[PDB]
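Here's the structure, in structure tokens; my notes come after.
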Amino acid sequence: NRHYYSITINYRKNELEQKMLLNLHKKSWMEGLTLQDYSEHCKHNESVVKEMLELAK
Amino acid sequence: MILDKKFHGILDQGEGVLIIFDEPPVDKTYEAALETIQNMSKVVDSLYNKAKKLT
Amino acid sequence: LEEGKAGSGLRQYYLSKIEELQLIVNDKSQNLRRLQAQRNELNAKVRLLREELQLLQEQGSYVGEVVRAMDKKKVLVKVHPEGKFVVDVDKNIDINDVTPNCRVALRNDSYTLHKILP
Amino acid sequence: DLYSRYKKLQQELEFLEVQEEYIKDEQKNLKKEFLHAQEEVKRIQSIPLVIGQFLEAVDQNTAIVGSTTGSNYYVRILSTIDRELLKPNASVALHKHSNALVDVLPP
Amino acid sequence: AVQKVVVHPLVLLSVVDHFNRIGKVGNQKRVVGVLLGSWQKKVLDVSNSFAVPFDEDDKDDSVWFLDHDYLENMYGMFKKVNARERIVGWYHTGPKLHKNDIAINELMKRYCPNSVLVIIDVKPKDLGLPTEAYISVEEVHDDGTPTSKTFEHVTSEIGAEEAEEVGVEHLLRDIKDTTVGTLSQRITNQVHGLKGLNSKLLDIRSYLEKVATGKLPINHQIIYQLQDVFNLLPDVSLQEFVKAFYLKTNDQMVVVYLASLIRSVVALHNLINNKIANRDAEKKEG
């Protein structure tokens, strides 16, 4: 640290970055029409998750 | 050989009808019922601790 | 008379039952806030594990072995090869307690002792 | 005093009332924070890592570890792992950077 | 040919930069940036991009202004720093496909290969996905109408590679992760009917407007497959699916016995400690 110091770092985020990046990331975790992968896992409850239910037991 | 359960079927004398069927999901009620019976001693032994500690 | 003793008296009895209701809101606030202190201390505890995460970024720490203590408060310590790093260990631990020819706990860069080891 | 105790006390009723939805807000938020920090310390534990070997446990929740290079390292172990993995001759596996153990391997 | 694309959030953050470096003029048109990415694999992978000064006219749509020298210099210096990515396509940030966009597209169909188009939104008020990959292909039409450049939607996903996740997640501290259980499931299960509701309601109302008030080949043919598949669910009689509801309801009964039994096991330490701690701290308090 002698002869050689540092400086603090803060940020800035405006609401277009906030909601564009926010809905960008929520949409990056959501689907297209968003109803798509629902019934898939509803019916993997009948096909796959029953095995995970027995293993859970 | 139905009584020794080598295959699926059940006979008839009045009608002479054979019916063939099966039950694949065997492992649900097993783990369910054994989870009930193993939780019995949990609750009853709990009641032995509590029946010990109160009266 | 017979109102402040009787009608406002039973109004005051109803106020005492309201104090029982604030004994219920009271002790719910008590046990819910003790649960809240529990989650605060537990999430605070894994937050202190994130305080440990910089010492995870330390790549751990080494194993010092002192073979000889030096009187200038700069202890020569036998280290893993390319070692033998003579150093003053941390200020909260005295030098004379560190007995020579025994294994200790040493940081890998700052070379400060933690404890004596068997 | 006596009849003033009523309306004086009503303010204590309200002030104890206001702690209800407040403790609701804390109890709903801090468990979300608990799974925040829980998942965040979970995602520190990543599968690419270096495997060492265990030598001795000198006190509780802190031990020493022989690295693959032979140099012995002093690491405070992670708290979630119980005392079964404190086996002295074990196949321990730390991180490649964090150098804290996620799991030991069966020989 | 190409089934899907991958667009990283870096370029859309550079569309936040498109709305930053304006300088407040009063124009705010569909400012075109030169999309860069990886056409190399069968999947398209956007890494980064830049933008170019683009002007149209007020009245005329077909006046449009690009640069080849700026493309070859910015792409030249970018290829000098990183040659693992090449030119692929472009995008306008306007909500609307203009008539000119076939000709604006045609410049990068020439000099670049078959270029992809992306429609995104100037204001991210759309709940839906802002990015739509439109493949620039000419398709032969059954009515006999002459072949033209046709923008068919290629499905898209928005993914981040490694560090973009870390930086974005550090910048937010507001979003929550996967977090299966009550909340992240049940919130999708809250707004999910609104998410198909605003889609369908957003479509069929102005669609129904273009029914009575519309002409000029709206793809009248795809209405037949459209309404056909819509009439492939003729309000099912459920008679076979009754036993399916016995199945999911019996799995439900399994969740009943698991919830009841396991919570009742959690009652143990509660209904022991409640007595044994309190009465012993009490009896040794005095």
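In the structure tokens, the first chain shown is A, the next is B, and so on; residue numbers restart at 1 for each chain, and ligands run from 1 in the order shown.
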
For residue 57 (chain C), work out the shell of residues within 9 Å, counting only C-alpha atoms and skipping chain neighbours fewer than 3 positions away, then give it as a list in words. residues 52, 53, 54 and 60 of chain C; 97, 98 and 99 of chain D

Generate the output file for the selected residues, N, CA and C atoms, as a PDB file, in the first residue's frame.
```
ATOM      1  N   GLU C  52     -15.513 -15.316   6.383  1.00  0.00           N
ATOM      2  CA  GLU C  52     -14.465 -16.315   6.256  1.00  0.00           C
ATOM      3  C   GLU C  52     -14.058 -16.567   4.812  1.00  0.00           C
ATOM      4  N   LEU C  53     -14.913 -16.212   3.842  1.00  0.00           N
ATOM      5  CA  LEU C  53     -14.657 -16.516   2.433  1.00  0.00           C
ATOM      6  C   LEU C  53     -13.422 -15.798   1.879  1.00  0.00           C
ATOM      7  N   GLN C  54     -12.983 -14.700   2.500  1.00  0.00           N
ATOM      8  CA  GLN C  54     -11.703 -14.127   2.087  1.00  0.00           C
ATOM      9  C   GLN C  54     -10.536 -14.989   2.555  1.00  0.00           C
ATOM     10  N   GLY C  60      -6.409 -21.275   1.951  1.00  0.00           N
ATOM     11  CA  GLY C  60      -6.044 -21.864   3.224  1.00  0.00           C
ATOM     12  C   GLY C  60      -4.815 -21.185   3.806  1.00  0.00           C
TER      13      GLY C  60
ATOM     14  N   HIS D  97      -9.633 -23.174  -5.221  1.00  0.00           N
ATOM     15  CA  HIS D  97      -9.317 -21.829  -4.751  1.00  0.00           C
ATOM     16  C   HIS D  97      -9.712 -21.627  -3.298  1.00  0.00           C
ATOM     17  N   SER D  98     -10.943 -21.970  -2.929  1.00  0.00           N
ATOM     18  CA  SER D  98     -11.380 -21.770  -1.557  1.00  0.00           C
ATOM     19  C   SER D  98     -10.636 -22.675  -0.591  1.00  0.00           C
ATOM     20  N   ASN D  99     -10.236 -23.857  -1.062  1.00  0.00           N
ATOM     21  CA  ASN D  99      -9.524 -24.877  -0.298  1.00  0.00           C
ATOM     22  C   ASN D  99     -10.237 -25.231   1.002  1.00  0.00           C
TER      23      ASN D  99
END
```

Chain D: which residues are alpha helix (DSSP H) by DSSP, as a VMD selection string? chain D and resid 4 to 42

Keeping N, CA and C atoms for every residue in the selection just given, could you write it to a file as a tab-separated table (two decimals), in the first residue's frame?
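The resulting selection-v4.tsv:
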```tsv
chain	number	residue	atom	x	y	z
D	4	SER	N	-58.12	7.68	33.47
D	4	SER	CA	-57.11	8.02	32.48
D	4	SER	C	-56.26	6.83	32.09
D	5	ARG	N	-56.27	5.77	32.92
D	5	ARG	CA	-55.53	4.56	32.61
D	5	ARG	C	-56.06	3.87	31.37
D	6	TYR	N	-57.36	4.02	31.10
D	6	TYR	CA	-57.99	3.47	29.90
D	6	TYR	C	-57.38	4.05	28.64
D	7	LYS	N	-57.58	5.35	28.43
D	7	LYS	CA	-57.17	5.99	27.19
D	7	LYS	C	-55.67	6.18	27.12
D	8	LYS	N	-55.00	6.27	28.28
D	8	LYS	CA	-53.55	6.17	28.33
D	8	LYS	C	-53.08	4.81	27.85
D	9	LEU	N	-53.80	3.76	28.24
D	9	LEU	CA	-53.40	2.41	27.92
D	9	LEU	C	-53.68	2.06	26.46
D	10	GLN	N	-54.69	2.70	25.86
D	10	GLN	CA	-55.06	2.46	24.46
D	10	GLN	C	-53.90	2.75	23.51
D	11	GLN	N	-53.07	3.73	23.85
D	11	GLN	CA	-51.90	4.02	23.04
D	11	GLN	C	-50.88	2.90	23.14
D	12	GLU	N	-50.78	2.25	24.30
D	12	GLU	CA	-49.94	1.06	24.41
D	12	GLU	C	-50.53	-0.12	23.65
D	13	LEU	N	-51.86	-0.21	23.59
D	13	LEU	CA	-52.52	-1.19	22.72
D	13	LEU	C	-52.14	-0.98	21.26
D	14	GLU	N	-52.13	0.28	20.82
D	14	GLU	CA	-51.81	0.58	19.43
D	14	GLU	C	-50.33	0.36	19.14
D	15	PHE	N	-49.48	0.73	20.09
D	15	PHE	CA	-48.04	0.58	19.91
D	15	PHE	C	-47.63	-0.88	19.95
D	16	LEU	N	-48.34	-1.70	20.71
D	16	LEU	CA	-48.06	-3.12	20.64
D	16	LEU	C	-48.71	-3.73	19.41
D	17	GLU	N	-49.80	-3.13	18.94
D	17	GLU	CA	-50.43	-3.54	17.69
D	17	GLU	C	-49.50	-3.36	16.50
D	18	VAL	N	-48.73	-2.27	16.47
D	18	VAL	CA	-47.95	-1.96	15.28
D	18	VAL	C	-46.77	-2.90	15.10
D	19	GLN	N	-46.40	-3.64	16.15
D	19	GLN	CA	-45.33	-4.61	16.06
D	19	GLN	C	-45.75	-5.89	15.36
D	20	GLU	N	-47.06	-6.08	15.14
D	20	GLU	CA	-47.55	-7.30	14.53
D	20	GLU	C	-47.15	-7.40	13.06
D	21	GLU	N	-47.60	-6.45	12.23
D	21	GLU	CA	-47.26	-6.49	10.81
D	21	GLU	C	-45.77	-6.24	10.59
D	22	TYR	N	-45.13	-5.55	11.54
D	22	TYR	CA	-43.68	-5.40	11.49
D	22	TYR	C	-42.97	-6.74	11.65
D	23	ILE	N	-43.38	-7.53	12.64
D	23	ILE	CA	-42.74	-8.83	12.80
D	23	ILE	C	-43.17	-9.77	11.67
D	24	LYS	N	-44.31	-9.51	11.02
D	24	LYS	CA	-44.64	-10.24	9.80
D	24	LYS	C	-43.66	-9.90	8.68
D	25	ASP	N	-43.33	-8.61	8.54
D	25	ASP	CA	-42.42	-8.17	7.49
D	25	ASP	C	-41.03	-8.73	7.70
D	26	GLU	N	-40.56	-8.72	8.95
D	26	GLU	CA	-39.26	-9.31	9.25
D	26	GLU	C	-39.27	-10.82	9.03
D	27	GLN	N	-40.33	-11.50	9.48
D	27	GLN	CA	-40.31	-12.95	9.37
D	27	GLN	C	-40.51	-13.40	7.93
D	28	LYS	N	-41.11	-12.57	7.08
D	28	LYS	CA	-41.19	-12.96	5.69
D	28	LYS	C	-39.93	-12.57	4.93
D	29	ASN	N	-39.24	-11.51	5.34
D	29	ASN	CA	-38.12	-11.04	4.53
D	29	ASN	C	-36.83	-11.75	4.88
D	30	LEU	N	-36.58	-12.00	6.17
D	30	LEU	CA	-35.27	-12.50	6.56
D	30	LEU	C	-35.10	-13.98	6.24
D	31	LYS	N	-36.19	-14.72	6.06
D	31	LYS	CA	-36.01	-16.09	5.57
D	31	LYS	C	-35.73	-16.11	4.08
D	32	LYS	N	-36.28	-15.15	3.33
D	32	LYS	CA	-35.88	-14.97	1.94
D	32	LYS	C	-34.42	-14.59	1.85
D	33	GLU	N	-33.96	-13.74	2.77
D	33	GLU	CA	-32.54	-13.43	2.87
D	33	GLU	C	-31.74	-14.66	3.29
D	34	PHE	N	-32.35	-15.55	4.07
D	34	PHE	CA	-31.64	-16.74	4.52
D	34	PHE	C	-31.43	-17.71	3.37
D	35	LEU	N	-32.40	-17.82	2.47
D	35	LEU	CA	-32.16	-18.64	1.29
D	35	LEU	C	-31.34	-17.88	0.25
D	36	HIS	N	-31.30	-16.54	0.33
D	36	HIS	CA	-30.34	-15.79	-0.47
D	36	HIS	C	-28.92	-16.15	-0.09
D	37	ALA	N	-28.55	-15.95	1.17
D	37	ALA	CA	-27.19	-16.27	1.60
D	37	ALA	C	-26.93	-17.77	1.60
D	38	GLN	N	-27.98	-18.57	1.76
D	38	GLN	CA	-27.84	-20.02	1.71
D	38	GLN	C	-27.49	-20.50	0.31
D	39	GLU	N	-28.25	-20.04	-0.69
D	39	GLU	CA	-27.92	-20.37	-2.07
D	39	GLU	C	-26.60	-19.74	-2.51
D	40	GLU	N	-26.27	-18.57	-1.96
D	40	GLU	CA	-25.03	-17.90	-2.35
D	40	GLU	C	-23.80	-18.59	-1.77
D	41	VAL	N	-23.90	-19.13	-0.56
D	41	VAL	CA	-22.78	-19.94	-0.07
D	41	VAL	C	-22.84	-21.34	-0.65
D	42	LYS	N	-23.99	-21.74	-1.20
D	42	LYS	CA	-24.05	-23.01	-1.90
D	42	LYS	C	-23.32	-22.93	-3.24
```

Near residue 39 (chain E), within 9 Å and counting only C-alpha atoms, which residues show up once chain neighbours fewer than 5 positions away are dropped, as a CSV table (one decimal) with N, CA and C atoms, in the first residue's frame?
```csv
chain,number,residue,atom,x,y,z
E,44,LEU,N,-27.1,-19.9,-33.3
E,44,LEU,CA,-26.4,-18.6,-33.4
E,44,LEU,C,-26.2,-18.1,-32.0
E,45,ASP,N,-25.0,-17.5,-31.8
E,45,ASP,CA,-24.6,-17.1,-30.5
E,45,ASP,C,-24.1,-15.6,-30.6
E,46,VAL,N,-24.8,-14.7,-30.0
E,46,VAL,CA,-24.4,-13.3,-30.0
E,46,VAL,C,-23.5,-13.1,-28.8
E,85,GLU,N,-15.1,-13.9,-33.4
E,85,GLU,CA,-16.5,-13.5,-33.7
E,85,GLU,C,-16.5,-12.8,-35.1
E,86,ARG,N,-17.5,-13.0,-35.9
E,86,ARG,CA,-17.6,-12.3,-37.2
E,86,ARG,C,-19.0,-11.6,-37.2
E,87,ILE,N,-19.1,-10.9,-38.3
E,87,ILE,CA,-20.4,-10.3,-38.6
E,87,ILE,C,-21.5,-11.4,-38.9
E,88,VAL,N,-22.7,-11.1,-38.4
E,88,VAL,CA,-23.8,-12.0,-38.7
E,88,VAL,C,-25.0,-11.3,-39.2
```

Using only C-alpha atoms, which residues sit within 8 Å of residue 63 (chain C) once same-chain residues fewer than 3 positions away are excluded, as a PyMOL selection string? (chain C and resi 79+103-107) or (chain D and resi 64+72-74)

So that I can see what lies close to residue 70 (chain C), please list as an mmCIF file with N, CA, C and O atoms, in the first residue's frame the residues with an atom at most 12 Å from it, counting only C-alpha atoms and leaving out residues fewer than 2 positions away in the same chain.
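This is the output file around_18.cif:
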```
data_model
loop_
_atom_site.group_PDB
_atom_site.id
_atom_site.type_symbol
_atom_site.label_atom_id
_atom_site.label_comp_id
_atom_site.auth_asym_id
_atom_site.auth_seq_id
_atom_site.Cartn_x
_atom_site.Cartn_y
_atom_site.Cartn_z
ATOM 1 N N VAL C 66 8.127 -24.303 14.414
ATOM 2 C CA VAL C 66 9.259 -23.607 15.006
ATOM 3 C C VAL C 66 10.230 -24.669 15.507
ATOM 4 O O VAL C 66 9.829 -25.659 16.125
ATOM 5 N N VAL C 67 11.501 -24.520 15.141
ATOM 6 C CA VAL C 67 12.537 -25.371 15.709
ATOM 7 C C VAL C 67 13.390 -24.583 16.689
ATOM 8 O O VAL C 67 14.029 -25.165 17.574
ATOM 9 N N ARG C 68 13.411 -23.261 16.555
ATOM 10 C CA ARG C 68 14.203 -22.391 17.407
ATOM 11 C C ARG C 68 13.498 -21.050 17.505
ATOM 12 O O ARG C 68 13.096 -20.479 16.489
ATOM 13 N N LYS C 72 15.025 -11.744 19.277
ATOM 14 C CA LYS C 72 14.702 -10.439 18.722
ATOM 15 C C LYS C 72 13.238 -10.310 18.337
ATOM 16 O O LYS C 72 12.897 -9.407 17.562
ATOM 17 N N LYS C 73 12.382 -11.204 18.852
ATOM 18 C CA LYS C 73 10.948 -11.290 18.537
ATOM 19 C C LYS C 73 10.705 -11.476 17.044
ATOM 20 O O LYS C 73 9.691 -11.033 16.502
ATOM 21 N N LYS C 74 11.646 -12.135 16.378
ATOM 22 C CA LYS C 74 11.535 -12.491 14.975
ATOM 23 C C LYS C 74 11.850 -13.972 14.891
ATOM 24 O O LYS C 74 13.020 -14.355 14.792
ATOM 25 N N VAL C 75 10.818 -14.800 14.942
ATOM 26 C CA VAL C 75 10.976 -16.226 15.183
ATOM 27 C C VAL C 75 11.321 -16.901 13.869
ATOM 28 O O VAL C 75 10.571 -16.797 12.890
ATOM 29 N N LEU C 76 12.459 -17.582 13.838
ATOM 30 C CA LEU C 76 12.726 -18.479 12.732
ATOM 31 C C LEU C 76 11.825 -19.702 12.863
ATOM 32 O O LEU C 76 11.693 -20.299 13.935
ATOM 33 N N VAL C 77 11.151 -20.035 11.770
ATOM 34 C CA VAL C 77 10.196 -21.134 11.736
ATOM 35 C C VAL C 77 10.549 -22.006 10.546
ATOM 36 O O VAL C 77 10.697 -21.502 9.428
ATOM 37 N N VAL C 86 11.733 -16.493 8.565
ATOM 38 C CA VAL C 86 11.869 -15.863 9.868
ATOM 39 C C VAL C 86 11.007 -14.603 9.875
ATOM 40 O O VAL C 86 10.988 -13.836 8.903
ATOM 41 N N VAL C 87 10.216 -14.440 10.933
ATOM 42 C CA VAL C 87 9.100 -13.506 10.920
ATOM 43 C C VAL C 87 8.685 -13.226 12.358
ATOM 44 O O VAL C 87 8.908 -14.040 13.259
ATOM 45 N N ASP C 88 8.132 -12.038 12.583
ATOM 46 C CA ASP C 88 7.322 -11.814 13.767
ATOM 47 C C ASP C 88 5.893 -12.282 13.507
ATOM 48 O O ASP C 88 5.248 -11.868 12.539
ATOM 49 N N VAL C 89 5.406 -13.164 14.380
ATOM 50 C CA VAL C 89 4.021 -13.622 14.376
ATOM 51 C C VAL C 89 3.150 -12.560 15.033
ATOM 52 O O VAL C 89 3.666 -11.574 15.571
ATOM 53 N N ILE C 95 5.390 -14.486 22.269
ATOM 54 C CA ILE C 95 6.422 -15.292 21.626
ATOM 55 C C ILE C 95 6.848 -16.438 22.534
ATOM 56 O O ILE C 95 7.014 -17.577 22.079
ATOM 57 N N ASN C 96 7.002 -16.157 23.830
ATOM 58 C CA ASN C 96 7.524 -17.129 24.784
ATOM 59 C C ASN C 96 6.601 -18.325 24.996
ATOM 60 O O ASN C 96 7.083 -19.402 25.362
ATOM 61 N N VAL C 98 5.093 -19.805 22.578
ATOM 62 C CA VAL C 98 5.373 -20.675 21.445
ATOM 63 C C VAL C 98 6.641 -21.460 21.744
ATOM 64 O O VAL C 98 7.751 -20.922 21.682
ATOM 65 N N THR C 99 6.474 -22.730 22.082
ATOM 66 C CA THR C 99 7.667 -23.494 22.409
ATOM 67 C C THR C 99 8.337 -24.020 21.142
ATOM 68 O O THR C 99 7.653 -24.423 20.197
ATOM 69 N N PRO C 100 9.667 -23.968 21.091
ATOM 70 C CA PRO C 100 10.387 -24.522 19.940
ATOM 71 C C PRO C 100 10.253 -26.036 19.856
ATOM 72 O O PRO C 100 9.856 -26.709 20.812
#
```

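Within 10 Å of region 44-50 of chain A, once only C-alpha atoms are used and residues closer than 2 positions along the same chain are dropped, the contacting residues are residues 38, 39, 40, 41, 42, 52, 53, 54, 55 and 56 of chain A; 28 of chain B; 244, 247, 248 and 251 of chain E.
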
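Selecting strand (DSSP E) from the backbone DSSP output for chain C yields residues 61, 62, 65, 66, 75, 76, 77, 85, 86, 87, 102, 103, 104, 105, 106, 113, 114, 115, 116 and 117 of chain C.
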
Taking 3 positions as the minimum chain separation for residues in the same chain, which residues sit within 10 Å of residue 81 (chain D) when counting only C-alpha atoms? Answer as a ChimeraX atom specification. /D:61,77-78,84-86,101-103

How would the residues just chosen look if you wrote them out with N, CA, C and O atoms as a PDB file, in the first residue's frame?
```
ATOM      1  N   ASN D  61     -13.694 -28.185  14.335  1.00  0.00           N
ATOM      2  CA  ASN D  61     -14.054 -27.392  13.163  1.00  0.00           C
ATOM      3  C   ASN D  61     -12.864 -26.704  12.512  1.00  0.00           C
ATOM      4  O   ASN D  61     -13.062 -25.866  11.629  1.00  0.00           O
ATOM      5  N   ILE D  77     -12.345 -25.938   8.524  1.00  0.00           N
ATOM      6  CA  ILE D  77     -13.278 -26.675   7.683  1.00  0.00           C
ATOM      7  C   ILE D  77     -14.643 -26.005   7.724  1.00  0.00           C
ATOM      8  O   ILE D  77     -14.930 -25.178   8.597  1.00  0.00           O
ATOM      9  N   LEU D  78     -15.490 -26.359   6.765  1.00  0.00           N
ATOM     10  CA  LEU D  78     -16.797 -25.730   6.663  1.00  0.00           C
ATOM     11  C   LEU D  78     -17.767 -26.377   7.644  1.00  0.00           C
ATOM     12  O   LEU D  78     -17.729 -27.588   7.877  1.00  0.00           O
ATOM     13  N   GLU D  84     -18.199 -37.138  10.936  1.00  0.00           N
ATOM     14  CA  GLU D  84     -17.842 -38.382  10.259  1.00  0.00           C
ATOM     15  C   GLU D  84     -16.681 -38.166   9.304  1.00  0.00           C
ATOM     16  O   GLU D  84     -15.832 -39.050   9.143  1.00  0.00           O
ATOM     17  N   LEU D  85     -16.628 -37.004   8.672  1.00  0.00           N
ATOM     18  CA  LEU D  85     -15.612 -36.696   7.682  1.00  0.00           C
ATOM     19  C   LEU D  85     -14.318 -36.205   8.318  1.00  0.00           C
ATOM     20  O   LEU D  85     -13.376 -35.859   7.596  1.00  0.00           O
ATOM     21  N   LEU D  86     -14.247 -36.182   9.647  1.00  0.00           N
ATOM     22  CA  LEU D  86     -13.014 -35.961  10.389  1.00  0.00           C
ATOM     23  C   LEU D  86     -12.188 -37.230  10.552  1.00  0.00           C
ATOM     24  O   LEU D  86     -11.365 -37.299  11.473  1.00  0.00           O
ATOM     25  N   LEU D 101     -13.477 -27.968   2.229  1.00  0.00           N
ATOM     26  CA  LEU D 101     -13.912 -29.283   1.788  1.00  0.00           C
ATOM     27  C   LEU D 101     -15.411 -29.268   1.527  1.00  0.00           C
ATOM     28  O   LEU D 101     -16.185 -28.719   2.315  1.00  0.00           O
ATOM     29  N   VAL D 102     -15.804 -29.835   0.389  1.00  0.00           N
ATOM     30  CA  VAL D 102     -17.213 -30.084   0.121  1.00  0.00           C
ATOM     31  C   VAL D 102     -17.582 -31.505   0.517  1.00  0.00           C
ATOM     32  O   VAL D 102     -18.610 -31.739   1.163  1.00  0.00           O
ATOM     33  N   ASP D 103     -16.732 -32.467   0.169  1.00  0.00           N
ATOM     34  CA  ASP D 103     -17.051 -33.875   0.332  1.00  0.00           C
ATOM     35  C   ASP D 103     -15.753 -34.669   0.323  1.00  0.00           C
ATOM     36  O   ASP D 103     -14.753 -34.247  -0.262  1.00  0.00           O
TER      37      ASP D 103
END
```

Would you tabulate, counting only C-alpha atoms, all residues of chain A that have an atom at most 10 Å from an atom of chain E, showing the closest pair of atoms and their distance in Å to one decimal, sorted by chain then ascending number, as a tab-separated table?
```
residue	atom	partner	partner_atom	distance
A:11	CA	E:171	CA	8.2
A:12	CA	E:171	CA	9.1
A:13	CA	E:171	CA	8.2
A:14	CA	E:16	CA	9.8
A:16	CA	E:16	CA	7.1
A:17	CA	E:16	CA	6.5
A:18	CA	E:172	CA	8.0
A:19	CA	E:124	CA	7.0
A:20	CA	E:124	CA	5.6
A:21	CA	E:13	CA	7.5
A:22	CA	E:175	CA	7.5
A:23	CA	E:127	CA	7.4
A:24	CA	E:9	CA	7.6
A:25	CA	E:175	CA	8.1
A:26	CA	E:175	CA	7.6
A:27	CA	E:129	CA	6.4
A:28	CA	E:158	CA	5.6
A:29	CA	E:178	CA	8.0
A:30	CA	E:188	CA	8.6
A:31	CA	E:129	CA	8.4
A:32	CA	E:129	CA	6.3
A:33	CA	E:196	CA	6.5
A:34	CA	E:195	CA	6.8
A:35	CA	E:192	CA	6.6
A:36	CA	E:196	CA	9.9
A:38	CA	E:189	CA	9.1
A:42	CA	E:248	CA	9.4
A:43	CA	E:248	CA	9.2
A:45	CA	E:248	CA	8.3
A:46	CA	E:248	CA	7.2
A:50	CA	E:251	CA	8.1
A:53	CA	E:254	CA	8.9
A:54	CA	E:254	CA	9.9
A:56	CA	E:258	CA	9.8
A:57	CA	E:258	CA	8.1
```

Could you please select, counting only C-alpha atoms, the residues of chain C within 9 Å of chain D and state them as a PyMOL selection string? chain C and resi 4+8+12+15+18-19+22+25-26+28-29+32-33+35-36+39-40+42-44+46-47+49-50+53-63+80-81+105-108+117-118
